[PDB]
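Source file: final-v6.pdb; contents: PDB, C-alpha atoms and all ligand atoms.
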MODEL        1
ATOM      1  CA  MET A   1     111.465  50.147   2.902  1.00  0.00           C
ATOM      2  CA  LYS A   2     108.315  48.935   1.161  1.00  0.00           C
ATOM      3  CA  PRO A   3     105.070  50.951   1.467  1.00  0.00           C
ATOM      4  CA  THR A   4     103.406  48.193   3.504  1.00  0.00           C
ATOM      5  CA  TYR A   5     105.134  48.045   6.852  1.00  0.00           C
ATOM      6  CA  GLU A   6     104.433  47.301  10.521  1.00  0.00           C
ATOM      7  CA  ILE A   7     105.707  49.557  13.308  1.00  0.00           C
ATOM      8  CA  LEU A   8     106.615  47.382  16.290  1.00  0.00           C
ATOM      9  CA  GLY A   9     107.360  50.183  18.763  1.00  0.00           C
ATOM     10  CA  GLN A  10     110.213  51.976  20.498  1.00  0.00           C
ATOM     11  CA  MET A  11     113.223  50.207  22.045  1.00  0.00           C
ATOM     12  CA  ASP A  12     115.315  51.765  24.838  1.00  0.00           C
ATOM     13  CA  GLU A  13     113.629  55.106  24.017  1.00  0.00           C
ATOM     14  CA  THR A  14     116.255  55.303  21.224  1.00  0.00           C
ATOM     15  CA  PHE A  15     115.182  53.176  18.246  1.00  0.00           C
ATOM     16  CA  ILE A  16     111.914  52.753  16.388  1.00  0.00           C
ATOM     17  CA  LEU A  17     111.430  49.168  15.245  1.00  0.00           C
ATOM     18  CA  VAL A  18     109.631  48.888  11.901  1.00  0.00           C
ATOM     19  CA  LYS A  19     109.545  45.993   9.443  1.00  0.00           C
ATOM     20  CA  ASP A  20     108.420  45.297   5.920  1.00  0.00           C
ATOM     21  CA  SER A  21     108.395  41.868   4.191  1.00  0.00           C
ATOM     22  CA  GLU A  22     112.185  41.868   3.836  1.00  0.00           C
ATOM     23  CA  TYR A  23     113.916  43.579   6.791  1.00  0.00           C
ATOM     24  CA  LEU A  24     113.412  44.592  10.389  1.00  0.00           C
ATOM     25  CA  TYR A  25     114.732  48.129  10.761  1.00  0.00           C
ATOM     26  CA  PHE A  26     115.948  49.770  13.979  1.00  0.00           C
ATOM     27  CA  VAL A  27     115.695  53.492  13.268  1.00  0.00           C
ATOM     28  CA  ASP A  28     117.622  55.928  15.453  1.00  0.00           C
ATOM     29  CA  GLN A  29     115.008  58.520  16.477  1.00  0.00           C
ATOM     30  CA  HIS A  30     117.565  61.349  16.800  1.00  0.00           C
ATOM     31  CA  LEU A  31     119.278  60.659  13.480  1.00  0.00           C
ATOM     32  CA  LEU A  32     115.942  60.401  11.668  1.00  0.00           C
ATOM     33  CA  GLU A  33     114.524  63.660  13.067  1.00  0.00           C
ATOM     34  CA  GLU A  34     117.857  65.313  12.380  1.00  0.00           C
ATOM     35  CA  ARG A  35     117.738  64.214   8.736  1.00  0.00           C
ATOM     36  CA  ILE A  36     114.116  65.388   8.444  1.00  0.00           C
ATOM     37  CA  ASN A  37     115.047  68.779   9.893  1.00  0.00           C
ATOM     38  CA  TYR A  38     118.213  69.004   7.815  1.00  0.00           C
ATOM     39  CA  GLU A  39     116.419  68.399   4.545  1.00  0.00           C
ATOM     40  CA  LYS A  40     113.963  71.133   5.444  1.00  0.00           C
ATOM     41  CA  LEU A  41     116.397  73.661   6.953  1.00  0.00           C
ATOM     42  CA  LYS A  42     119.696  72.874   5.170  1.00  0.00           C
ATOM     43  CA  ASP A  43     121.510  73.681   8.432  1.00  0.00           C
ATOM     44  CA  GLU A  44     123.301  70.773  10.119  1.00  0.00           C
ATOM     45  CA  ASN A  45     123.755  72.405  13.521  1.00  0.00           C
ATOM     46  CA  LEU A  46     120.171  73.731  13.673  1.00  0.00           C
ATOM     47  CA  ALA A  47     118.687  70.411  12.602  1.00  0.00           C
ATOM     48  CA  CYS A  48     120.690  68.582  15.275  1.00  0.00           C
ATOM     49  CA  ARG A  49     119.909  70.920  18.163  1.00  0.00           C
ATOM     50  CA  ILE A  50     116.124  70.991  17.619  1.00  0.00           C
ATOM     51  CA  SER A  51     115.718  67.233  17.118  1.00  0.00           C
ATOM     52  CA  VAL A  52     114.546  64.693  19.644  1.00  0.00           C
ATOM     53  CA  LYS A  53     117.319  63.007  21.617  1.00  0.00           C
ATOM     54  CA  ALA A  54     117.824  59.421  22.579  1.00  0.00           C
ATOM     55  CA  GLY A  55     116.139  58.689  25.881  1.00  0.00           C
ATOM     56  CA  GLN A  56     112.914  60.511  25.101  1.00  0.00           C
ATOM     57  CA  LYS A  57     109.760  58.417  25.041  1.00  0.00           C
ATOM     58  CA  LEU A  58     107.738  59.099  21.895  1.00  0.00           C
ATOM     59  CA  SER A  59     104.002  58.772  21.376  1.00  0.00           C
ATOM     60  CA  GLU A  60     102.557  56.304  18.920  1.00  0.00           C
ATOM     61  CA  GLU A  61     101.419  59.241  16.760  1.00  0.00           C
ATOM     62  CA  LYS A  62     104.850  60.878  16.731  1.00  0.00           C
ATOM     63  CA  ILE A  63     106.390  57.513  15.809  1.00  0.00           C
ATOM     64  CA  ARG A  64     103.946  57.105  12.904  1.00  0.00           C
ATOM     65  CA  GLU A  65     104.786  60.614  11.655  1.00  0.00           C
ATOM     66  CA  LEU A  66     108.511  59.983  11.762  1.00  0.00           C
ATOM     67  CA  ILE A  67     108.364  56.649   9.945  1.00  0.00           C
ATOM     68  CA  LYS A  68     106.005  58.042   7.270  1.00  0.00           C
ATOM     69  CA  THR A  69     108.403  60.908   6.660  1.00  0.00           C
ATOM     70  CA  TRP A  70     111.480  58.642   6.636  1.00  0.00           C
ATOM     71  CA  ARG A  71     110.212  56.854   3.551  1.00  0.00           C
ATOM     72  CA  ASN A  72     109.990  60.189   1.654  1.00  0.00           C
ATOM     73  CA  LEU A  73     113.415  61.612   2.490  1.00  0.00           C
ATOM     74  CA  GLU A  74     115.902  62.354  -0.249  1.00  0.00           C
ATOM     75  CA  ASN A  75     118.497  60.514   1.891  1.00  0.00           C
ATOM     76  CA  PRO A  76     116.821  58.024   4.260  1.00  0.00           C
ATOM     77  CA  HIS A  77     120.133  56.214   4.828  1.00  0.00           C
ATOM     78  CA  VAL A  78     122.571  58.542   6.634  1.00  0.00           C
ATOM     79  CA  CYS A  79     122.337  61.692   8.730  1.00  0.00           C
ATOM     80  CA  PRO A  80     124.103  64.939   7.667  1.00  0.00           C
ATOM     81  CA  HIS A  81     127.186  63.794   9.598  1.00  0.00           C
ATOM     82  CA  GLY A  82     127.318  60.505   7.717  1.00  0.00           C
ATOM     83  CA  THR A  83     126.086  58.156  10.456  1.00  0.00           C
ATOM     84  CA  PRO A  84     123.682  55.374   9.336  1.00  0.00           C
ATOM     85  CA  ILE A  85     120.137  56.288  10.351  1.00  0.00           C
ATOM     86  CA  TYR A  86     119.263  52.647  11.051  1.00  0.00           C
ATOM     87  CA  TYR A  87     120.445  49.101  11.553  1.00  0.00           C
ATOM     88  CA  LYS A  88     118.675  46.389   9.594  1.00  0.00           C
ATOM     89  CA  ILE A  89     118.317  42.602   9.962  1.00  0.00           C
ATOM     90  CA  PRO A  90     117.108  40.559   6.967  1.00  0.00           C
ATOM     91  CA  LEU A  91     114.072  38.622   8.219  1.00  0.00           C
ATOM     92  CA  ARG A  92     115.509  35.502   6.562  1.00  0.00           C
ATOM     93  CA  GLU A  93     118.322  35.405   9.121  1.00  0.00           C
ATOM     94  CA  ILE A  94     115.819  35.197  11.992  1.00  0.00           C
ATOM     95  CA  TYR A  95     113.623  32.580  10.306  1.00  0.00           C
ATOM     96  CA  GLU A  96     116.525  30.468   9.050  1.00  0.00           C
ATOM     97  CA  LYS A  97     118.160  30.331  12.492  1.00  0.00           C
ATOM     98  CA  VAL A  98     115.068  28.582  13.914  1.00  0.00           C
ATOM     99  CA  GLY A  99     114.789  26.319  10.836  1.00  0.00           C
ATOM    100  CA  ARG A 100     111.882  28.097   9.064  1.00  0.00           C
ATOM    101  CA  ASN A 101     111.637  28.946   5.370  1.00  0.00           C
ATOM    102  CA  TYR A 102     111.547  32.597   4.446  1.00  0.00           C
TER     103      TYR A 102
ATOM    104  CA  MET B   1     118.651  35.872  29.528  1.00  0.00           C
ATOM    105  CA  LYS B   2     118.927  38.101  32.590  1.00  0.00           C
ATOM    106  CA  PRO B   3     116.039  38.257  35.104  1.00  0.00           C
ATOM    107  CA  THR B   4     115.272  41.875  34.184  1.00  0.00           C
ATOM    108  CA  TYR B   5     113.906  41.895  30.670  1.00  0.00           C
ATOM    109  CA  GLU B   6     111.429  43.764  28.462  1.00  0.00           C
ATOM    110  CA  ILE B   7     108.949  41.935  26.230  1.00  0.00           C
ATOM    111  CA  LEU B   8     108.501  43.947  23.036  1.00  0.00           C
ATOM    112  CA  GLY B   9     105.685  41.880  21.515  1.00  0.00           C
ATOM    113  CA  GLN B  10     104.958  39.334  18.803  1.00  0.00           C
ATOM    114  CA  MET B  11     106.324  39.553  15.243  1.00  0.00           C
ATOM    115  CA  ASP B  12     104.616  37.860  12.274  1.00  0.00           C
ATOM    116  CA  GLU B  13     102.574  35.839  14.809  1.00  0.00           C
ATOM    117  CA  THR B  14     105.694  33.607  14.961  1.00  0.00           C
ATOM    118  CA  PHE B  15     108.337  35.178  17.217  1.00  0.00           C
ATOM    119  CA  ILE B  16     108.217  36.801  20.632  1.00  0.00           C
ATOM    120  CA  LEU B  17     110.663  39.692  20.873  1.00  0.00           C
ATOM    121  CA  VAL B  18     112.218  40.058  24.329  1.00  0.00           C
ATOM    122  CA  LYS B  19     115.400  41.857  25.365  1.00  0.00           C
ATOM    123  CA  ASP B  20     117.633  42.160  28.378  1.00  0.00           C
ATOM    124  CA  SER B  21     120.627  44.539  28.743  1.00  0.00           C
ATOM    125  CA  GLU B  22     122.752  42.443  26.378  1.00  0.00           C
ATOM    126  CA  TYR B  23     120.671  40.857  23.584  1.00  0.00           C
ATOM    127  CA  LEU B  24     117.410  41.177  21.716  1.00  0.00           C
ATOM    128  CA  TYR B  25     115.935  37.694  21.416  1.00  0.00           C
ATOM    129  CA  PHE B  26     113.456  36.500  18.779  1.00  0.00           C
ATOM    130  CA  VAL B  27     111.848  33.437  20.345  1.00  0.00           C
ATOM    131  CA  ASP B  28     110.011  30.970  18.119  1.00  0.00           C
ATOM    132  CA  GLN B  29     106.636  30.498  19.847  1.00  0.00           C
ATOM    133  CA  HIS B  30     106.185  26.924  18.557  1.00  0.00           C
ATOM    134  CA  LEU B  31     109.683  25.768  19.481  1.00  0.00           C
ATOM    135  CA  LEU B  32     109.412  27.304  22.951  1.00  0.00           C
ATOM    136  CA  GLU B  33     106.019  25.748  23.764  1.00  0.00           C
ATOM    137  CA  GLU B  34     107.270  22.473  22.344  1.00  0.00           C
ATOM    138  CA  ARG B  35     110.299  22.541  24.650  1.00  0.00           C
ATOM    139  CA  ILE B  36     108.081  23.434  27.627  1.00  0.00           C
ATOM    140  CA  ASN B  37     105.749  20.539  26.821  1.00  0.00           C
ATOM    141  CA  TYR B  38     108.631  18.173  26.119  1.00  0.00           C
ATOM    142  CA  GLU B  39     110.310  18.819  29.442  1.00  0.00           C
ATOM    143  CA  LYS B  40     107.025  18.118  31.182  1.00  0.00           C
ATOM    144  CA  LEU B  41     105.856  15.142  29.092  1.00  0.00           C
ATOM    145  CA  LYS B  42     109.136  13.599  27.850  1.00  0.00           C
ATOM    146  CA  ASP B  43     107.365  12.777  24.569  1.00  0.00           C
ATOM    147  CA  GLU B  44     108.634  14.602  21.475  1.00  0.00           C
ATOM    148  CA  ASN B  45     105.655  13.864  19.234  1.00  0.00           C
ATOM    149  CA  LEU B  46     103.069  14.722  21.918  1.00  0.00           C
ATOM    150  CA  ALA B  47     104.828  17.945  22.862  1.00  0.00           C
ATOM    151  CA  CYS B  48     104.953  19.021  19.212  1.00  0.00           C
ATOM    152  CA  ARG B  49     101.340  18.238  18.344  1.00  0.00           C
ATOM    153  CA  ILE B  50      99.798  20.054  21.337  1.00  0.00           C
ATOM    154  CA  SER B  51     101.932  23.199  21.042  1.00  0.00           C
ATOM    155  CA  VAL B  52     100.959  26.499  19.503  1.00  0.00           C
ATOM    156  CA  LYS B  53     101.871  26.880  15.836  1.00  0.00           C
ATOM    157  CA  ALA B  54     103.359  29.760  13.957  1.00  0.00           C
ATOM    158  CA  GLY B  55     100.640  32.052  12.681  1.00  0.00           C
ATOM    159  CA  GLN B  56      98.610  32.090  15.876  1.00  0.00           C
ATOM    160  CA  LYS B  57      98.195  35.448  17.576  1.00  0.00           C
ATOM    161  CA  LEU B  58      98.995  35.199  21.285  1.00  0.00           C
ATOM    162  CA  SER B  59      97.671  37.317  24.130  1.00  0.00           C
ATOM    163  CA  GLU B  60      99.951  39.489  26.202  1.00  0.00           C
ATOM    164  CA  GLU B  61      99.316  37.180  29.177  1.00  0.00           C
ATOM    165  CA  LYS B  62     100.171  34.025  27.235  1.00  0.00           C
ATOM    166  CA  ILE B  63     103.352  35.719  25.987  1.00  0.00           C
ATOM    167  CA  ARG B  64     104.354  36.637  29.555  1.00  0.00           C
ATOM    168  CA  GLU B  65     103.771  33.037  30.686  1.00  0.00           C
ATOM    169  CA  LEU B  66     105.881  31.603  27.897  1.00  0.00           C
ATOM    170  CA  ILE B  67     108.824  33.947  28.428  1.00  0.00           C
ATOM    171  CA  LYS B  68     108.755  33.413  32.219  1.00  0.00           C
ATOM    172  CA  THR B  69     108.845  29.666  31.685  1.00  0.00           C
ATOM    173  CA  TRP B  70     111.589  29.871  29.034  1.00  0.00           C
ATOM    174  CA  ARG B  71     114.030  31.245  31.580  1.00  0.00           C
ATOM    175  CA  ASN B  72     113.458  28.191  33.842  1.00  0.00           C
ATOM    176  CA  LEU B  73     113.828  25.424  31.261  1.00  0.00           C
ATOM    177  CA  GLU B  74     116.553  22.837  31.604  1.00  0.00           C
ATOM    178  CA  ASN B  75     117.344  23.478  27.908  1.00  0.00           C
ATOM    179  CA  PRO B  76     116.202  26.965  26.833  1.00  0.00           C
ATOM    180  CA  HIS B  77     118.414  26.820  23.727  1.00  0.00           C
ATOM    181  CA  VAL B  78     117.148  24.077  21.382  1.00  0.00           C
ATOM    182  CA  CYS B  79     113.921  22.152  20.877  1.00  0.00           C
ATOM    183  CA  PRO B  80     113.809  18.320  21.179  1.00  0.00           C
ATOM    184  CA  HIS B  81     114.617  18.087  17.459  1.00  0.00           C
ATOM    185  CA  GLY B  82     117.719  20.231  17.854  1.00  0.00           C
ATOM    186  CA  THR B  83     116.468  23.459  16.256  1.00  0.00           C
ATOM    187  CA  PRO B  84     117.519  26.720  17.999  1.00  0.00           C
ATOM    188  CA  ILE B  85     114.578  28.102  19.965  1.00  0.00           C
ATOM    189  CA  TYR B  86     115.592  31.694  19.201  1.00  0.00           C
ATOM    190  CA  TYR B  87     117.711  34.071  17.181  1.00  0.00           C
ATOM    191  CA  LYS B  88     119.617  36.735  19.078  1.00  0.00           C
ATOM    192  CA  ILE B  89     121.192  40.091  18.151  1.00  0.00           C
ATOM    193  CA  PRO B  90     123.735  41.662  20.533  1.00  0.00           C
ATOM    194  CA  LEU B  91     122.393  45.148  21.293  1.00  0.00           C
ATOM    195  CA  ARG B  92     125.899  46.519  20.677  1.00  0.00           C
ATOM    196  CA  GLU B  93     125.586  45.731  16.969  1.00  0.00           C
ATOM    197  CA  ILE B  94     122.479  47.925  16.677  1.00  0.00           C
ATOM    198  CA  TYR B  95     123.936  50.804  18.703  1.00  0.00           C
ATOM    199  CA  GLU B  96     127.358  50.676  17.051  1.00  0.00           C
ATOM    200  CA  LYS B  97     125.874  50.759  13.539  1.00  0.00           C
ATOM    201  CA  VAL B  98     124.288  54.165  14.269  1.00  0.00           C
ATOM    202  CA  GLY B  99     127.466  55.402  16.014  1.00  0.00           C
ATOM    203  CA  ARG B 100     126.300  55.065  19.659  1.00  0.00           C
ATOM    204  CA  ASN B 101     128.270  53.606  22.559  1.00  0.00           C
ATOM    205  CA  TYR B 102     126.927  50.462  24.142  1.00  0.00           C
TER     206      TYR B 102
HETATM  207 NA    NA C   1     123.498  77.141  11.930  1.00  0.00          NA
HETATM  208 NA    NA C   2     104.113   9.764  21.652  1.00  0.00          NA
ENDMDL
END
Spell out the structure here as C-alpha cells.
Ligand code: NA
Ligand code: NA
Amino acid sequence: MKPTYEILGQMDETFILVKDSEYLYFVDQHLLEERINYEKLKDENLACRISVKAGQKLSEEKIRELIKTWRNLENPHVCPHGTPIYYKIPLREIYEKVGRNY
Amino acid sequence: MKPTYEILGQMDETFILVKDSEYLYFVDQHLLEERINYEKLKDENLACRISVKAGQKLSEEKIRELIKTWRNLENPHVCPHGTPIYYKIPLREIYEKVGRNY
C-alpha cells in the first residue's frame, strides 16, 4: 500500500478499511496483530493468543497504529498460518461499474 | 438492501458506503440523487443538472437522507441513463478471503 492512504474505519469490529489511490483494503484486525506479534516474538502460538480478536471494537488511535505498522512488516500479506491478512478491491472496479473513469 | 443497515461514510467524495448483513454497497452520490430527482420530476436533464456531483463532500445528515430515500425508490438499481447506481461486494468474499466463515 502506498504511503499516502486514508483509513475509513472498522467494519463488523473485524476489518479495518483503508485505501490508497489504487485499492481499498479490508484488513483483518486479528491476522494483522498476529503478524505484528509474530515478527516480534517469532512464536506463532504466543502471537495468536495475545492478539486482538474479531468482535473487539478498536479506537481510532489503535487503528492508526496497526495500519502504520502493517506497512512496515516483513510479510504484510499473510499471517504465520498462511491466511491472507486482507481482501482488496481495485478502485477501478467500483468506478467502472457506475460508468466513471479511474 | 435490508432495512437494518450501517452507513460507513463517504469515499473519495463520490461514493457512500453502506452495508447490510449481505453486501457492502458503494453508492454513487450523483447517480442516486439523479434517480431521486428523476422519479420526482420525470425529467432526465433537469434531474441531472440539479443533483450533487462527484467531488462534493456531503454531511452525515445529507448522507442519511439519501440512503433512506434510496431504499424507497421505484428503481434503486440504475439511473435514468441506465448506469448502475452502485457497486456491491458480497460480504462473504471479504470474510472468506481471510479464512473466516460468513
Ligand atoms: Na509458544
Ligand atoms: Na428538461
- Out of A:28, A:13, A:65, A:22, which residue has the shortest atom-to-atom distance to chain B when counting only C-alpha atoms?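 So, comparing all the options, the nearest one is A:28.
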- Return as a list in words every polymer residue, whether protein, DNA or RNA, with at least one atom no more than 12 Å from an atom of ligand NA 2 (chain C); count only C-alpha atoms and all ligand atoms. residues 38, 41, 42, 43, 44, 45, 46, 47, 48, 49 and 50 of chain B
Could you fit chain A onto chain B with a least-squares superposition over all C-alpha atoms, matched one to one in order, and give me the transformed chain as a compact mmCIF listing (two decimals) with C-alpha atoms, in the frame of the given file?
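Final file, part28.txt:
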# COMPACT_ATOMS: atom_id res chain seq x y z
CA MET A 1 118.65 35.87 29.53
CA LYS A 2 118.93 38.10 32.59
CA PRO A 3 116.04 38.26 35.10
CA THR A 4 115.27 41.87 34.18
CA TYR A 5 113.91 41.90 30.67
CA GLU A 6 111.43 43.76 28.46
CA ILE A 7 108.95 41.94 26.23
CA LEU A 8 108.50 43.95 23.04
CA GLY A 9 105.69 41.88 21.51
CA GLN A 10 104.96 39.33 18.80
CA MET A 11 106.32 39.55 15.24
CA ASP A 12 104.62 37.86 12.27
CA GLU A 13 102.57 35.84 14.81
CA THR A 14 105.69 33.61 14.96
CA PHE A 15 108.34 35.18 17.22
CA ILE A 16 108.22 36.80 20.63
CA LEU A 17 110.66 39.69 20.87
CA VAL A 18 112.22 40.06 24.33
CA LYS A 19 115.40 41.86 25.36
CA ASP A 20 117.63 42.16 28.38
CA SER A 21 120.63 44.54 28.74
CA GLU A 22 122.75 42.44 26.38
CA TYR A 23 120.67 40.86 23.58
CA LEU A 24 117.41 41.18 21.72
CA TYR A 25 115.94 37.69 21.42
CA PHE A 26 113.46 36.50 18.78
CA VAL A 27 111.85 33.44 20.35
CA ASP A 28 110.01 30.97 18.12
CA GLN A 29 106.64 30.50 19.85
CA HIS A 30 106.18 26.92 18.56
CA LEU A 31 109.68 25.77 19.48
CA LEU A 32 109.41 27.30 22.95
CA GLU A 33 106.02 25.75 23.76
CA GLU A 34 107.27 22.47 22.34
CA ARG A 35 110.30 22.54 24.65
CA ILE A 36 108.08 23.43 27.63
CA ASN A 37 105.75 20.54 26.82
CA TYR A 38 108.63 18.17 26.12
CA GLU A 39 110.31 18.82 29.44
CA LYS A 40 107.02 18.12 31.18
CA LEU A 41 105.86 15.14 29.09
CA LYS A 42 109.14 13.60 27.85
CA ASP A 43 107.36 12.78 24.57
CA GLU A 44 108.63 14.60 21.48
CA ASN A 45 105.65 13.86 19.23
CA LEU A 46 103.07 14.72 21.92
CA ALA A 47 104.83 17.94 22.86
CA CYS A 48 104.95 19.02 19.21
CA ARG A 49 101.34 18.24 18.34
CA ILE A 50 99.80 20.05 21.34
CA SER A 51 101.93 23.20 21.04
CA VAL A 52 100.96 26.50 19.50
CA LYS A 53 101.87 26.88 15.84
CA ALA A 54 103.36 29.76 13.96
CA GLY A 55 100.64 32.05 12.68
CA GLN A 56 98.61 32.09 15.88
CA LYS A 57 98.20 35.45 17.58
CA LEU A 58 99.00 35.20 21.28
CA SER A 59 97.67 37.32 24.13
CA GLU A 60 99.95 39.49 26.20
CA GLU A 61 99.32 37.18 29.18
CA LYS A 62 100.17 34.03 27.24
CA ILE A 63 103.35 35.72 25.99
CA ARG A 64 104.35 36.64 29.56
CA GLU A 65 103.77 33.04 30.69
CA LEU A 66 105.88 31.60 27.90
CA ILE A 67 108.82 33.95 28.43
CA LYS A 68 108.75 33.41 32.22
CA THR A 69 108.85 29.67 31.69
CA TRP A 70 111.59 29.87 29.03
CA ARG A 71 114.03 31.24 31.58
CA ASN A 72 113.46 28.19 33.84
CA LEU A 73 113.83 25.42 31.26
CA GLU A 74 116.55 22.84 31.60
CA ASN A 75 117.34 23.48 27.91
CA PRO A 76 116.20 26.97 26.83
CA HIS A 77 118.41 26.82 23.73
CA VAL A 78 117.15 24.08 21.38
CA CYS A 79 113.92 22.15 20.88
CA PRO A 80 113.81 18.32 21.18
CA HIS A 81 114.62 18.09 17.46
CA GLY A 82 117.72 20.23 17.85
CA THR A 83 116.47 23.46 16.26
CA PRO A 84 117.52 26.72 18.00
CA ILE A 85 114.58 28.10 19.97
CA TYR A 86 115.59 31.69 19.20
CA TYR A 87 117.71 34.07 17.18
CA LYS A 88 119.62 36.74 19.08
CA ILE A 89 121.19 40.09 18.15
CA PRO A 90 123.73 41.66 20.53
CA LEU A 91 122.39 45.15 21.29
CA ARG A 92 125.90 46.52 20.68
CA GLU A 93 125.59 45.73 16.97
CA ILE A 94 122.48 47.92 16.68
CA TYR A 95 123.94 50.80 18.70
CA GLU A 96 127.36 50.68 17.05
CA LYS A 97 125.87 50.76 13.54
CA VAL A 98 124.29 54.17 14.27
CA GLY A 99 127.47 55.40 16.01
CA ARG A 100 126.30 55.07 19.66
CA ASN A 101 128.27 53.61 22.56
CA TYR A 102 126.93 50.46 24.14
Of the residues B:73, B:68, B:62, B:98, which is the one nearest to residue B:4, using only C-alpha atoms?
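Answer, going by the shortest atom-to-atom distance: B:68.
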Checklist line | Polymer residues at most 8 Å from residue A:21, all atoms listed in the file, same-chain spacing of 5 or more positions, as a list in words | finding: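 Counting all atoms listed in the file, the residues come to residues 2, 5 and 91 of chain A.
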*Target residues per the PyMOL selection byres (((chain A and resi 53) around 6) and not hetatm), formatted as a ChimeraX atom specification*: /A:30,52,54
With all atoms of stretch 68-72 of chain A from the file as input, state the centre and edge lengths in Å to one decimal of the axis-aligned box that has 6 Å extra on each side, as JSON.
{"center_x": 108.7, "center_y": 58.9, "center_z": 4.5, "size_x": 17.5, "size_y": 16.1, "size_z": 17.6}
Evaluated on this file, the ChimeraX specification (/B :<9) & /A picks out some residues - which ones are they, written as a list in words?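 Against this file, the ChimeraX specification (/B :<9) & /A returns the residues residues 8, 9, 10, 11, 26, 27, 28, 31, 78, 83, 84, 85, 86, 87, 88, 93, 94, 95, 96, 97, 98 and 99 of chain A.
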Write a file of the selected residues as a tab-separated table (two decimals), in the coordinates of the input, keeping C-alpha atoms.
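This went into again_18.tsv:
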chain	number	residue	atom	x	y	z
A	8	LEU	CA	106.62	47.38	16.29
A	9	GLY	CA	107.36	50.18	18.76
A	10	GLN	CA	110.21	51.98	20.50
A	11	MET	CA	113.22	50.21	22.04
A	26	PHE	CA	115.95	49.77	13.98
A	27	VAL	CA	115.70	53.49	13.27
A	28	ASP	CA	117.62	55.93	15.45
A	31	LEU	CA	119.28	60.66	13.48
A	78	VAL	CA	122.57	58.54	6.63
A	83	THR	CA	126.09	58.16	10.46
A	84	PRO	CA	123.68	55.37	9.34
A	85	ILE	CA	120.14	56.29	10.35
A	86	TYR	CA	119.26	52.65	11.05
A	87	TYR	CA	120.44	49.10	11.55
A	88	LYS	CA	118.68	46.39	9.59
A	93	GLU	CA	118.32	35.40	9.12
A	94	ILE	CA	115.82	35.20	11.99
A	95	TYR	CA	113.62	32.58	10.31
A	96	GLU	CA	116.52	30.47	9.05
A	97	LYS	CA	118.16	30.33	12.49
A	98	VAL	CA	115.07	28.58	13.91
A	99	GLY	CA	114.79	26.32	10.84
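Selection around (114.0, 64.8, -0.6) with radius 12 Å, counting only C-alpha atoms, yields the residues residues 35, 36, 37, 38, 39, 40, 41, 42, 69, 70, 71, 72, 73, 74, 75, 76 and 77 of chain A.
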Taken to one decimal, the atom CA of residue A:80-atom CA of residue A:63 distance is 20.9 Å
When you draw a straight line from atom CA of residue A:56 to atom CA of residue B:3, how long is it in Å?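 Separation between atom CA of residue A:56 and atom CA of residue B:3: 24.6 Å.
Straight-line separation from atom CA of residue A:33 to atom CA of residue A:16: 11.7 Å.
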